[PDB]
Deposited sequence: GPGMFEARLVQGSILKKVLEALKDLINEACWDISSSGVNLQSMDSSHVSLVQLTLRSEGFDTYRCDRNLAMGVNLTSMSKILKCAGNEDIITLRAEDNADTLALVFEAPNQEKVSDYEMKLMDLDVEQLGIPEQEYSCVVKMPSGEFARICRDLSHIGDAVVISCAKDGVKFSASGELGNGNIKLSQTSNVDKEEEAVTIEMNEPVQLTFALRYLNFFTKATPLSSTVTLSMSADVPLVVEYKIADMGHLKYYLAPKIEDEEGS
């Protein structure tokens, strides 16, 4: 039996808005240490790593670990029925065919049962040649804007974001609310803006975002969820033919 009460249920609302359009079905690893979600997207180009530490919940209990296969769209739909200030409680038992979601308004209480589905990839250890901390809104605007110019963004790390298409090209240069760059080596990587634009759906989760880069490895776009943990996106690069 697992039960996690979250008073800022908005976090869970934002999290699923951040995932629903990138992953169809994902397994939620619930353990005493907290809730874990790790899933490739349906395009097999990215890896999402969500961690909500048990501490971040206001009550959290997990007698035995549980792996809930979840349709993320259906869960998003259910969470769209939660008031933006409701107290959300998650509730599962062992061998559960259903995840219980309870939304308490701060005289309305909503009880949802979501049918669970039946149930891979390891994150290597990586030192990152370049780590960029910047406002999340600024990063979303960059990947939105450059998507009018082309499908691919060349990230050069001062960090430069460059795209080109038929109509021309564009270069966006940021240097050091804040933008901070820890650079152990200059790196230049190419990524599909379509997926970065999915990643920036997590922008409501945090004021800032961190981009971790190194030559010929996936990009890490990390959104910290204040107190609870983080939402990590790894994006396979485009490589020259």
| property | result |
| --- | --- |
| Missing C-alpha runs, given along the deposited sequence, first residue counted as 1 | 1-3, 110-111, 125-127, 166-168, 188-195, 261-264 |
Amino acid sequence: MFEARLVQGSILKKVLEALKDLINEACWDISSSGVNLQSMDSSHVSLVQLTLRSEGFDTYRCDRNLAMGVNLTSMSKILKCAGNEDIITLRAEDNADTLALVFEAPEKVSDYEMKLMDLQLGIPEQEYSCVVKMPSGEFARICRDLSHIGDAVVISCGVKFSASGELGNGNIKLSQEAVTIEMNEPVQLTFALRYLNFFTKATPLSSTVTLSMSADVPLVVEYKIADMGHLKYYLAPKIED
From here on, numbers count along this sequence of modelled residues.
{"query": "Stretch with the greater mean C-alpha B-factor as recorded in the entry, comparing 198-206 against 180-188", "finding": "180-188"}
{"query": "Out of 159, 79, 140, 153, highest CA B-factor residue", "finding": "159"}
{"query": "Options 71, 129, 147, 169 - largest CA temperature factor per the record", "finding": "129"}
{"query": "Residue 212, C-alpha B-factor rank within chain (lowest, middle or highest third)", "finding": "middle"}
{"query": "Third of the chain, ranked by Cα B-factor, where residue 133 sits", "finding": "lowest"}
{"query": "Record-listed C-alpha B factor of residue 22: chain third", "finding": "highest"}
{"query": "Chain third (lowest, middle, highest) by recorded CA B-factor, residue given as residue 226", "finding": "highest"}
{"query": "Entry-reported Cα temperature factor of residue 119, expressed as the chain third it lands in", "finding": "highest"}
